[PDB]
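**Q** You'll find input07.cif just under this line, and it carries mmCIF, C-alpha atoms and all ligand atoms.
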data_start
#
loop_
_atom_site.group_PDB
_atom_site.id
_atom_site.type_symbol
_atom_site.label_atom_id
_atom_site.label_comp_id
_atom_site.auth_asym_id
_atom_site.auth_seq_id
_atom_site.Cartn_x
_atom_site.Cartn_y
_atom_site.Cartn_z
ATOM 1 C CA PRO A 1 55.841 154.863 73.767
ATOM 2 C CA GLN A 2 55.236 151.148 73.066
ATOM 3 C CA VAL A 3 57.538 151.230 70.024
ATOM 4 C CA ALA A 4 60.310 152.944 71.958
ATOM 5 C CA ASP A 5 60.002 150.751 75.037
ATOM 6 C CA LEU A 6 60.134 147.592 72.968
ATOM 7 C CA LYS A 7 63.234 148.818 71.138
ATOM 8 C CA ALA A 8 65.048 149.081 74.483
ATOM 9 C CA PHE A 9 63.827 145.557 75.458
ATOM 10 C CA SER A 10 65.120 144.135 72.174
ATOM 11 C CA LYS A 11 68.593 145.620 72.782
ATOM 12 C CA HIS A 12 68.705 143.976 76.238
ATOM 13 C CA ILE A 13 67.873 140.574 74.722
ATOM 14 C CA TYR A 14 70.391 141.094 71.918
ATOM 15 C CA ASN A 15 73.047 141.742 74.571
ATOM 16 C CA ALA A 16 72.008 138.559 76.369
ATOM 17 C CA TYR A 17 72.545 136.730 73.085
ATOM 18 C CA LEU A 18 75.919 138.314 72.362
ATOM 19 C CA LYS A 19 77.104 137.598 75.905
ATOM 20 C CA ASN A 20 76.193 133.901 75.955
ATOM 21 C CA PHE A 21 76.435 132.184 72.563
ATOM 22 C CA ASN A 22 79.687 130.660 71.377
ATOM 23 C CA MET A 23 79.185 131.628 67.755
ATOM 24 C CA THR A 24 77.197 134.345 66.056
ATOM 25 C CA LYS A 25 75.500 133.892 62.696
ATOM 26 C CA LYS A 26 77.649 136.851 61.500
ATOM 27 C CA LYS A 27 80.854 134.919 62.304
ATOM 28 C CA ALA A 28 79.465 131.602 61.019
ATOM 29 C CA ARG A 29 78.553 133.036 57.597
ATOM 30 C CA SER A 30 81.920 134.695 57.245
ATOM 31 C CA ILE A 31 83.525 131.295 57.731
ATOM 32 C CA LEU A 32 81.084 129.439 55.482
ATOM 33 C CA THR A 33 81.398 131.943 52.629
ATOM 34 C CA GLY A 34 85.158 131.539 52.674
ATOM 35 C CA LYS A 35 85.495 135.273 53.232
ATOM 36 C CA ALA A 36 89.063 136.616 53.411
ATOM 37 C CA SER A 37 90.713 134.799 56.314
ATOM 38 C CA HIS A 38 94.030 133.060 56.852
ATOM 39 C CA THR A 39 92.317 129.800 57.812
ATOM 40 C CA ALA A 40 89.632 127.584 56.285
ATOM 41 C CA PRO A 41 87.630 124.823 57.992
ATOM 42 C CA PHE A 42 88.976 121.312 57.657
ATOM 43 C CA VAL A 43 86.463 119.353 55.537
ATOM 44 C CA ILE A 44 85.110 116.125 56.998
ATOM 45 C CA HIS A 45 83.584 114.130 54.206
ATOM 46 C CA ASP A 46 84.535 110.506 54.892
ATOM 47 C CA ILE A 47 86.044 108.142 57.455
ATOM 48 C CA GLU A 48 89.676 109.159 56.864
ATOM 49 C CA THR A 49 88.995 112.875 57.251
ATOM 50 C CA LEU A 50 86.831 112.288 60.315
ATOM 51 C CA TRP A 51 89.734 110.457 61.888
ATOM 52 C CA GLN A 52 92.173 113.205 60.889
ATOM 53 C CA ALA A 53 89.844 115.750 62.458
ATOM 54 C CA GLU A 54 89.672 113.827 65.765
ATOM 55 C CA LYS A 55 93.477 113.835 65.670
ATOM 56 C CA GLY A 56 93.972 117.417 64.434
ATOM 57 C CA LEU A 57 90.974 119.621 65.401
ATOM 58 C CA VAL A 58 90.244 121.143 68.783
ATOM 59 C CA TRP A 59 86.981 119.890 70.245
ATOM 60 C CA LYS A 60 85.167 121.377 73.234
ATOM 61 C CA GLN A 61 84.589 117.782 74.380
ATOM 62 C CA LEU A 62 87.848 115.802 74.347
ATOM 63 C CA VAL A 63 87.426 112.498 72.492
ATOM 64 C CA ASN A 64 88.732 110.429 75.428
ATOM 65 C CA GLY A 65 85.652 111.584 77.365
ATOM 66 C CA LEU A 66 82.947 110.695 74.803
ATOM 67 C CA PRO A 67 81.262 107.407 75.643
ATOM 68 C CA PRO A 68 83.390 104.349 74.720
ATOM 69 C CA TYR A 69 83.785 103.901 71.024
ATOM 70 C CA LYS A 70 81.214 101.771 69.137
ATOM 71 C CA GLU A 71 81.301 102.575 65.355
ATOM 72 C CA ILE A 72 81.434 105.538 62.927
ATOM 73 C CA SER A 73 77.699 106.337 62.860
ATOM 74 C CA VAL A 74 77.422 106.170 66.639
ATOM 75 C CA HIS A 75 80.580 108.247 67.038
ATOM 76 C CA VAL A 76 79.036 110.951 64.920
ATOM 77 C CA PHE A 77 75.857 110.728 67.044
ATOM 78 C CA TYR A 78 77.928 111.167 70.259
ATOM 79 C CA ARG A 79 79.523 114.322 68.762
ATOM 80 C CA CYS A 80 75.986 115.532 67.938
ATOM 81 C CA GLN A 81 74.981 114.844 71.570
ATOM 82 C CA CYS A 82 77.992 116.640 72.978
ATOM 83 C CA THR A 83 77.290 119.781 71.062
ATOM 84 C CA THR A 84 73.535 119.538 71.821
ATOM 85 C CA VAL A 85 74.267 119.464 75.595
ATOM 86 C CA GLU A 86 76.752 122.385 75.181
ATOM 87 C CA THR A 87 74.051 124.411 73.433
ATOM 88 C CA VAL A 88 71.544 123.628 76.216
ATOM 89 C CA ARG A 89 74.041 125.193 78.609
ATOM 90 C CA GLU A 90 74.299 128.321 76.397
ATOM 91 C CA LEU A 91 70.547 128.572 76.021
ATOM 92 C CA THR A 92 70.175 128.270 79.807
ATOM 93 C CA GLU A 93 72.618 131.151 80.342
ATOM 94 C CA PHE A 94 70.964 133.215 77.594
ATOM 95 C CA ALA A 95 67.543 132.724 79.187
ATOM 96 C CA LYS A 96 68.887 133.525 82.639
ATOM 97 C CA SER A 97 70.275 136.820 81.198
ATOM 98 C CA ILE A 98 66.679 137.858 80.362
ATOM 99 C CA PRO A 99 65.247 139.452 83.568
ATOM 100 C CA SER A 100 61.612 138.323 83.003
ATOM 101 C CA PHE A 101 62.817 134.737 82.610
ATOM 102 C CA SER A 102 64.937 134.902 85.761
ATOM 103 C CA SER A 103 61.991 136.354 87.704
ATOM 104 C CA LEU A 104 59.971 133.167 87.081
ATOM 105 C CA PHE A 105 60.126 130.539 89.787
ATOM 106 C CA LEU A 106 62.913 128.130 89.070
ATOM 107 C CA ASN A 107 60.517 125.210 88.269
ATOM 108 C CA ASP A 108 58.922 127.193 85.460
ATOM 109 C CA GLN A 109 62.394 128.101 84.194
ATOM 110 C CA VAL A 110 63.163 124.375 83.914
ATOM 111 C CA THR A 111 59.836 123.572 82.267
ATOM 112 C CA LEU A 112 60.431 126.211 79.591
ATOM 113 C CA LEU A 113 63.963 125.004 78.855
ATOM 114 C CA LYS A 114 62.848 121.348 78.924
ATOM 115 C CA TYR A 115 60.265 121.890 76.203
ATOM 116 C CA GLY A 116 61.939 124.740 74.295
ATOM 117 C CA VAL A 117 65.664 124.056 73.938
ATOM 118 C CA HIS A 118 65.412 121.690 71.019
ATOM 119 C CA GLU A 119 63.280 124.092 69.034
ATOM 120 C CA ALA A 120 65.817 126.823 69.766
ATOM 121 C CA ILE A 121 68.740 124.529 68.909
ATOM 122 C CA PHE A 122 67.308 123.612 65.499
ATOM 123 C CA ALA A 123 66.608 127.280 64.733
ATOM 124 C CA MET A 124 70.107 128.413 65.723
ATOM 125 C CA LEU A 125 71.548 125.447 63.845
ATOM 126 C CA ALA A 126 70.630 127.161 60.607
ATOM 127 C CA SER A 127 73.272 129.793 61.378
ATOM 128 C CA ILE A 128 76.112 127.269 60.938
ATOM 129 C CA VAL A 129 74.512 125.378 58.023
ATOM 130 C CA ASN A 130 74.505 125.725 54.285
ATOM 131 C CA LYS A 131 73.089 123.385 51.683
ATOM 132 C CA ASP A 132 76.405 121.450 51.606
ATOM 133 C CA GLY A 133 77.163 120.895 55.283
ATOM 134 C CA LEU A 134 77.692 122.508 58.676
ATOM 135 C CA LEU A 135 80.438 123.919 60.886
ATOM 136 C CA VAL A 136 81.836 121.900 63.738
ATOM 137 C CA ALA A 137 84.561 122.341 66.323
ATOM 138 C CA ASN A 138 83.958 126.017 66.860
ATOM 139 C CA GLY A 139 84.142 126.621 63.107
ATOM 140 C CA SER A 140 87.491 124.805 62.614
ATOM 141 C CA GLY A 141 85.775 121.999 60.709
ATOM 142 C CA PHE A 142 83.034 121.561 58.140
ATOM 143 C CA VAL A 143 81.125 118.297 57.932
ATOM 144 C CA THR A 144 79.432 117.590 54.615
ATOM 145 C CA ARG A 145 75.772 116.865 54.373
ATOM 146 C CA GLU A 146 76.616 114.095 51.920
ATOM 147 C CA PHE A 147 78.809 112.385 54.499
ATOM 148 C CA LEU A 148 76.049 112.644 57.130
ATOM 149 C CA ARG A 149 73.614 111.081 54.598
ATOM 150 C CA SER A 150 75.996 108.170 54.225
ATOM 151 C CA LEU A 151 75.657 107.092 57.872
ATOM 152 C CA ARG A 152 73.470 104.094 58.621
ATOM 153 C CA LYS A 153 69.887 104.487 59.658
ATOM 154 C CA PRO A 154 68.783 105.586 62.170
ATOM 155 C CA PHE A 155 71.528 108.196 62.362
ATOM 156 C CA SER A 156 71.318 109.580 58.811
ATOM 157 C CA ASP A 157 67.517 109.944 59.113
ATOM 158 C CA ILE A 158 67.605 112.042 62.284
ATOM 159 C CA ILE A 159 70.035 114.484 60.611
ATOM 160 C CA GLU A 160 68.693 115.324 57.147
ATOM 161 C CA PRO A 161 65.344 116.923 58.283
ATOM 162 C CA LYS A 162 67.300 119.607 60.144
ATOM 163 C CA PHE A 163 69.109 120.561 56.917
ATOM 164 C CA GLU A 164 65.805 120.775 55.066
ATOM 165 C CA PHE A 165 64.476 123.171 57.742
ATOM 166 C CA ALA A 166 67.699 125.213 57.951
ATOM 167 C CA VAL A 167 68.085 125.951 54.256
ATOM 168 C CA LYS A 168 64.482 127.262 54.097
ATOM 169 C CA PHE A 169 64.979 129.195 57.324
ATOM 170 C CA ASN A 170 68.177 130.824 56.015
ATOM 171 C CA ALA A 171 66.369 132.135 52.959
ATOM 172 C CA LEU A 172 64.606 134.596 55.349
ATOM 173 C CA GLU A 173 68.042 136.160 55.946
ATOM 174 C CA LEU A 174 67.643 136.832 59.677
ATOM 175 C CA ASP A 175 70.646 138.425 61.428
ATOM 176 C CA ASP A 176 71.790 137.910 65.032
ATOM 177 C CA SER A 177 69.629 140.779 66.372
ATOM 178 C CA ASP A 178 66.540 139.063 64.832
ATOM 179 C CA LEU A 179 67.539 135.666 66.136
ATOM 180 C CA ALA A 180 67.954 136.928 69.681
ATOM 181 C CA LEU A 181 64.278 137.866 69.733
ATOM 182 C CA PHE A 182 63.141 134.811 67.815
ATOM 183 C CA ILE A 183 64.927 132.424 70.187
ATOM 184 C CA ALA A 184 63.713 134.362 73.256
ATOM 185 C CA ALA A 185 60.153 133.871 71.892
ATOM 186 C CA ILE A 186 60.691 130.140 71.359
ATOM 187 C CA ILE A 187 61.798 129.701 74.987
ATOM 188 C CA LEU A 188 59.374 132.127 76.697
ATOM 189 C CA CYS A 189 56.413 130.142 75.379
ATOM 190 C CA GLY A 190 53.191 129.951 77.326
ATOM 191 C CA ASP A 191 52.095 126.731 75.601
ATOM 192 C CA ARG A 192 54.540 124.377 77.375
ATOM 193 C CA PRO A 193 52.984 121.542 79.375
ATOM 194 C CA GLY A 194 53.095 121.721 83.163
ATOM 195 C CA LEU A 195 53.795 125.451 83.441
ATOM 196 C CA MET A 196 52.849 126.858 86.779
ATOM 197 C CA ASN A 197 52.241 130.513 85.889
ATOM 198 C CA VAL A 198 50.872 130.419 82.368
ATOM 199 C CA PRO A 199 49.482 133.984 82.241
ATOM 200 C CA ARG A 200 52.863 135.377 83.261
ATOM 201 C CA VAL A 201 54.744 133.439 80.543
ATOM 202 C CA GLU A 202 51.991 134.301 78.006
ATOM 203 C CA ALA A 203 52.459 137.987 78.791
ATOM 204 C CA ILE A 204 56.224 137.794 78.414
ATOM 205 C CA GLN A 205 55.822 135.864 75.155
ATOM 206 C CA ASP A 206 53.522 138.515 73.807
ATOM 207 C CA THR A 207 55.917 141.314 74.749
ATOM 208 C CA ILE A 208 58.791 139.562 72.876
ATOM 209 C CA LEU A 209 56.578 139.035 69.832
ATOM 210 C CA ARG A 210 55.530 142.723 69.655
ATOM 211 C CA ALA A 211 59.172 143.646 70.096
ATOM 212 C CA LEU A 212 60.039 141.288 67.258
ATOM 213 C CA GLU A 213 57.459 142.648 64.804
ATOM 214 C CA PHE A 214 58.608 146.219 65.403
ATOM 215 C CA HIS A 215 62.273 145.098 65.201
ATOM 216 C CA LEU A 216 61.555 143.617 61.742
ATOM 217 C CA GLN A 217 59.791 146.762 60.491
ATOM 218 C CA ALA A 218 62.985 148.683 61.296
ATOM 219 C CA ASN A 219 65.673 146.120 60.418
ATOM 220 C CA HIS A 220 63.862 144.566 57.379
ATOM 221 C CA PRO A 221 61.705 147.405 55.997
ATOM 222 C CA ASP A 222 61.265 145.740 52.579
ATOM 223 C CA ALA A 223 60.568 142.139 53.627
ATOM 224 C CA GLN A 224 56.865 141.512 53.195
ATOM 225 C CA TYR A 225 55.068 139.078 55.485
ATOM 226 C CA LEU A 226 58.305 138.327 57.370
ATOM 227 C CA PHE A 227 56.688 138.410 60.791
ATOM 228 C CA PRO A 228 53.835 135.985 59.991
ATOM 229 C CA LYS A 229 56.409 133.805 58.195
ATOM 230 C CA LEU A 230 58.401 133.579 61.438
ATOM 231 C CA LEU A 231 55.266 132.677 63.446
ATOM 232 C CA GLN A 232 54.808 129.795 61.020
ATOM 233 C CA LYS A 233 58.495 128.773 61.489
ATOM 234 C CA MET A 234 57.782 128.624 65.239
ATOM 235 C CA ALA A 235 54.905 126.245 64.498
ATOM 236 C CA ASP A 236 57.154 124.309 62.083
ATOM 237 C CA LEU A 237 59.812 123.911 64.780
ATOM 238 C CA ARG A 238 57.319 122.194 67.090
ATOM 239 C CA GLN A 239 56.625 119.629 64.416
ATOM 240 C CA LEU A 240 60.380 119.201 63.727
ATOM 241 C CA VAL A 241 60.962 118.503 67.419
ATOM 242 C CA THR A 242 57.965 116.123 67.637
ATOM 243 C CA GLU A 243 59.612 114.172 64.758
ATOM 244 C CA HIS A 244 62.983 114.392 66.409
ATOM 245 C CA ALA A 245 61.697 113.002 69.690
ATOM 246 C CA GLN A 246 59.968 110.092 67.893
ATOM 247 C CA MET A 247 63.238 109.279 66.160
ATOM 248 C CA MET A 248 65.012 109.429 69.485
ATOM 249 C CA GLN A 249 62.454 106.989 70.912
ATOM 250 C CA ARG A 250 63.372 104.608 68.092
ATOM 251 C CA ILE A 251 67.108 104.987 68.767
ATOM 252 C CA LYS A 252 66.487 104.214 72.471
ATOM 253 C CA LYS A 253 64.436 101.131 71.461
ATOM 254 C CA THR A 254 66.603 99.692 68.691
ATOM 255 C CA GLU A 255 70.160 100.994 69.331
ATOM 256 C CA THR A 256 70.698 99.674 72.827
ATOM 257 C CA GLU A 257 74.509 99.966 72.637
ATOM 258 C CA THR A 258 74.229 103.707 71.989
ATOM 259 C CA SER A 259 74.689 105.817 75.123
ATOM 260 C CA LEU A 260 72.197 108.623 75.692
ATOM 261 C CA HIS A 261 73.264 111.605 77.788
ATOM 262 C CA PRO A 262 71.271 111.753 81.048
ATOM 263 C CA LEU A 263 70.278 115.436 80.624
ATOM 264 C CA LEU A 264 68.715 114.674 77.269
ATOM 265 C CA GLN A 265 67.013 111.607 78.882
ATOM 266 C CA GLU A 266 65.401 113.984 81.411
ATOM 267 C CA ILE A 267 64.231 116.191 78.521
ATOM 268 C CA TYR A 268 62.562 113.317 76.603
ATOM 269 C CA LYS A 269 61.339 111.659 79.857
ATOM 270 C CA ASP A 270 57.773 112.824 79.350
ATOM 271 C CA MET A 271 57.410 114.224 75.778
HETATM 272 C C1 LIG B 301 73.795 120.573 68.062
HETATM 273 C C2 LIG B 301 73.555 120.421 66.559
HETATM 274 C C3 LIG B 301 72.063 120.255 66.332
HETATM 275 N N1 LIG B 301 74.424 119.318 66.032
HETATM 276 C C4 LIG B 301 73.810 118.015 65.911
HETATM 277 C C5 LIG B 301 72.953 117.822 64.685
HETATM 278 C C6 LIG B 301 73.064 118.626 63.545
HETATM 279 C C7 LIG B 301 72.222 118.432 62.465
HETATM 280 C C8 LIG B 301 71.282 117.434 62.489
HETATM 281 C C9 LIG B 301 71.162 116.630 63.612
HETATM 282 C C10 LIG B 301 71.991 116.824 64.710
HETATM 283 O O1 LIG B 301 71.891 116.032 65.817
HETATM 284 C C11 LIG B 301 70.954 114.960 65.861
HETATM 285 C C12 LIG B 301 71.267 114.088 67.056
HETATM 286 C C13 LIG B 301 71.017 114.865 68.337
HETATM 287 C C14 LIG B 301 71.320 113.964 69.515
HETATM 288 C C15 LIG B 301 71.167 114.720 70.816
HETATM 289 C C16 LIG B 301 69.712 114.811 71.181
HETATM 290 O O2 LIG B 301 69.143 113.904 71.869
HETATM 291 O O3 LIG B 301 69.138 115.829 70.763
HETATM 292 C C17 LIG B 301 75.698 119.609 65.808
HETATM 293 O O4 LIG B 301 76.139 120.718 66.114
HETATM 294 C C18 LIG B 301 76.714 118.651 65.244
HETATM 295 C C19 LIG B 301 77.892 118.538 65.969
HETATM 296 C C20 LIG B 301 78.935 117.723 65.538
HETATM 297 C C21 LIG B 301 78.801 117.027 64.341
HETATM 298 C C22 LIG B 301 79.932 116.191 63.846
HETATM 299 C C23 LIG B 301 81.210 116.162 64.452
HETATM 300 C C24 LIG B 301 82.124 115.339 63.785
HETATM 301 S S1 LIG B 301 81.399 114.655 62.395
HETATM 302 C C25 LIG B 301 79.885 115.449 62.669
HETATM 303 C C26 LIG B 301 77.621 117.162 63.594
HETATM 304 C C27 LIG B 301 76.572 117.978 64.046
HETATM 305 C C1 LIG B 302 69.286 122.986 82.171
HETATM 306 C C2 LIG B 302 67.873 123.181 81.574
HETATM 307 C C3 LIG B 302 67.363 121.898 80.894
HETATM 308 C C4 LIG B 302 66.507 121.021 81.854
HETATM 309 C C5 LIG B 302 66.340 119.650 81.171
HETATM 310 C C6 LIG B 302 65.046 118.893 81.503
HETATM 311 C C7 LIG B 302 64.826 118.704 83.009
HETATM 312 O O1 LIG B 302 64.034 117.523 83.276
HETATM 313 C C8 LIG B 302 63.089 117.544 84.312
HETATM 314 O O2 LIG B 302 63.655 118.009 85.584
HETATM 315 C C9 LIG B 302 62.699 118.050 86.686
HETATM 316 C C10 LIG B 302 63.453 118.372 87.944
HETATM 317 O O3 LIG B 302 63.701 119.758 87.930
HETATM 318 C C11 LIG B 302 61.962 116.724 86.839
HETATM 319 O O4 LIG B 302 60.891 116.920 87.767
HETATM 320 C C12 LIG B 302 61.407 116.244 85.542
HETATM 321 O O5 LIG B 302 60.732 114.961 85.755
HETATM 322 C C13 LIG B 302 62.451 116.173 84.476
HETATM 323 O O6 LIG B 302 61.887 115.867 83.189
#
Could you show the structure in this file as structure tokens?

**A**
Amino acid sequence: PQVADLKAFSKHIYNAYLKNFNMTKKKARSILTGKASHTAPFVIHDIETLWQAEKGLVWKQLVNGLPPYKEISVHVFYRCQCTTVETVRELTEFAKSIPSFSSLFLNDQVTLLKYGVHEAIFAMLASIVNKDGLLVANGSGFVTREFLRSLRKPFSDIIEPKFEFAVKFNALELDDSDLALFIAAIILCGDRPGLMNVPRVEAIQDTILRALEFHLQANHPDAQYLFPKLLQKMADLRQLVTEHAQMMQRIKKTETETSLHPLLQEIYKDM
């Protein structure tokens, strides 16, 4: 019974994922691996190609509406911020499409998103990343890791750790059906500070985790220790976000000309 019930639950979360996220890992890898297609991403690897891309690629956030221009490294950071906020919106709609998340009182929904979205973002980031760079502009561009490394501190430093995580995470070869459960588990997390109904979120979390371990025995029958490995990645993501927040505190302190989106301010407010 348990195995069957959890299979149904996993399908419902997968559908939530497919309904709400702009890009799947399946579509991202097909673009990254240069699979047969009539278009390839424009490669952004330096100042000239960045400029060409702001001229020639289609961006969800129009450039005129980014904060006023400061310099190349900051401009890149503003593009990072734009896409981060866009992903928070997707994650919010994904979570809302899970009935046991929507049943929670709205204040607990906010607390879970507040403390979970960055972990979920850096996990789902891996889907559009390879060792050489990442997709941007809905897959119409590819920004090289080497170019991101070339930006001045503090902006290069806040980027490279996410590549290090992503390449290791991609070696586990999760697909979108795995990620739907993994991200649902990240968000529905009973450990978040200030939660009102902890036992309820703990129970949901546990249900998602049992669903996940069964999902992996079916979908990845030959992959030994894959479930405990993913529990460790959940732990790892907390540390990655702790780091990230500390780096953001330093950008707020030392980069006073750099504009920080007010939603992200509300997220770091307490951390
Ligand atoms: C949401 C993900 C995570 N990112 C950002 C990102 C990726 C990898 C490492 C770090 C990143 O952002 C750290 C700062 C985040 C500040 C917002 C905040 O306070 O969280 C991106 O999708 C992204 C988007 C656009 C570009 C780009 C465009 C033109 S040239 C480069 C590069 C990356
Ligand atoms: C869209 C989901 C993402 C939500 C982002 C984080 C929300 O921040 C928090 O919102 C609360 C009001 O609801 C305040 O009481 C907190 O002080 C503030 O930190």

**Q** Provide the atom CA of residue 226 of chain A to atom CA of residue 188 of chain A distance in Å, to one decimal place.

**A**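 Taking atom CA of residue 226 of chain A as the start and atom CA of residue 188 of chain A as the end point, the length is 20.3 Å.
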
**Q** Which residues, named as in the file, does the PyMOL selection byres (((not hetatm)) within 7 of (chain B and resi 301)) pick out? Answer as a list in words.

**A**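 Residues picked by the PyMOL selection byres (((not hetatm)) within 7 of (chain B and resi 301)): residues 44, 50, 76, 77, 79, 80, 81, 83, 84, 87, 118, 121, 122, 125, 136, 143, 158, 159, 160, 162, 163, 248 and 264 of chain A.
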
**Q** If you measure from atom CA of residue 181 of chain A to atom CA of residue 239 of chain A, what distance in Å do you get, rounded to one decimal?

**A**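 One can read the atom CA of residue 181 of chain A to atom CA of residue 239 of chain A distance as 20.5 Å.
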
**Q** Running the PyMOL selection byres (((chain A and resi 238) around 12) and not hetatm) on this model by hand, what would come out? Give it as a PyMOL selection string.

**A** chain A and resi 115-123+165+186-187+189+191-192+231-237+239-245+271

**Q** Nearest to residue 102 of chain A: which of A:43, A:204, A:63, A:216 is it, counting all atoms listed in the file?

**A**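 Using all atoms listed in the file, residue 102 of chain A sits closest to A:204.
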
**Q** How would you write, as a PyMOL selection string, the set of residues no farther than 8 Å from ligand LIG 302 (chain B) when counting only C-alpha atoms and all ligand atoms?

**A** chain A and resi 88-89+92+107+109-111+113-115+117+263-270

**Q** Go through A:222, A:176, A:257, A:157 and flag the residue nearest residue 15 of chain A, using all atoms listed in the file for the distances.

**A**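 Closest candidate: A:176.
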
**Q** What does the distance between atom CA of residue 253 of chain A and atom CA of residue 149 of chain A come to in Å, to one decimal place?

**A** 21.6 Å

**Q** I'd like the neighbourhood of segment 33-42 of chain A as a PyMOL selection string, where a residue qualifies if any of its atoms comes within 8 Å (using all atoms listed in the file), though same-chain residues fewer than 6 positions away should be ignored.

**A** chain A and resi 53+135+139-142

**Q** When distances are computed from only C-alpha atoms, which of A:172, A:166, A:251, A:180 shows the smallest separation from residue 225 of chain A?

**A**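 The shortest atom-to-atom distance to residue 225 of chain A comes from A:172.
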
**Q** Kindly reconstruct segment 248-267 of chain A with N, CA and C atoms and present the result as a tab-separated table (two decimals), in the coordinates of the input.

**A**
chain	number	residue	atom	x	y	z
A	248	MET	N	64.23	109.76	68.31
A	248	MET	CA	65.01	109.43	69.48
A	248	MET	C	64.41	108.26	70.25
A	249	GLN	N	63.09	108.12	70.24
A	249	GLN	CA	62.45	106.99	70.91
A	249	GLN	C	62.89	105.71	70.18
A	250	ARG	N	62.95	105.78	68.85
A	250	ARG	CA	63.37	104.61	68.09
A	250	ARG	C	64.85	104.27	68.31
A	251	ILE	N	65.72	105.26	68.42
A	251	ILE	CA	67.11	104.99	68.77
A	251	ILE	C	67.24	104.34	70.15
A	252	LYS	N	66.53	104.85	71.15
A	252	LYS	CA	66.49	104.21	72.47
A	252	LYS	C	66.00	102.75	72.39
A	253	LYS	N	65.01	102.47	71.53
A	253	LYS	CA	64.44	101.13	71.46
A	253	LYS	C	65.36	100.16	70.74
A	254	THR	N	65.96	100.62	69.65
A	254	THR	CA	66.60	99.69	68.69
A	254	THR	C	68.13	99.76	68.69
A	255	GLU	N	68.70	100.79	69.30
A	255	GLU	CA	70.16	100.99	69.33
A	255	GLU	C	70.65	100.97	70.78
A	256	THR	N	70.57	99.79	71.39
A	256	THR	CA	70.70	99.67	72.83
A	256	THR	C	72.13	99.88	73.30
A	257	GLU	N	73.09	99.66	72.40
A	257	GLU	CA	74.51	99.97	72.64
A	257	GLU	C	74.86	101.46	72.60
A	258	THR	N	73.95	102.28	72.10
A	258	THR	CA	74.23	103.71	71.99
A	258	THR	C	73.88	104.40	73.30
A	259	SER	N	74.84	105.16	73.83
A	259	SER	CA	74.69	105.82	75.12
A	259	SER	C	74.03	107.17	74.98
A	260	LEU	N	72.99	107.41	75.78
A	260	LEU	CA	72.20	108.62	75.69
A	260	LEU	C	72.47	109.46	76.94
A	261	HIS	N	72.87	110.70	76.72
A	261	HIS	CA	73.26	111.60	77.79
A	261	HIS	C	72.10	111.81	78.77
A	262	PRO	N	72.38	111.75	80.08
A	262	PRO	CA	71.27	111.75	81.05
A	262	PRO	C	70.45	113.06	81.05
A	263	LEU	N	71.04	114.19	80.68
A	263	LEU	CA	70.28	115.44	80.62
A	263	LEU	C	69.25	115.34	79.52
A	264	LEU	N	69.65	114.80	78.37
A	264	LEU	CA	68.72	114.67	77.27
A	264	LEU	C	67.64	113.63	77.64
A	265	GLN	N	68.01	112.56	78.36
A	265	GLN	CA	67.01	111.61	78.88
A	265	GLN	C	65.91	112.33	79.69
A	266	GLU	N	66.33	113.24	80.57
A	266	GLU	CA	65.40	113.98	81.41
A	266	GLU	C	64.49	114.88	80.57
A	267	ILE	N	65.02	115.39	79.46
A	267	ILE	CA	64.23	116.19	78.52
A	267	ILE	C	63.18	115.36	77.81
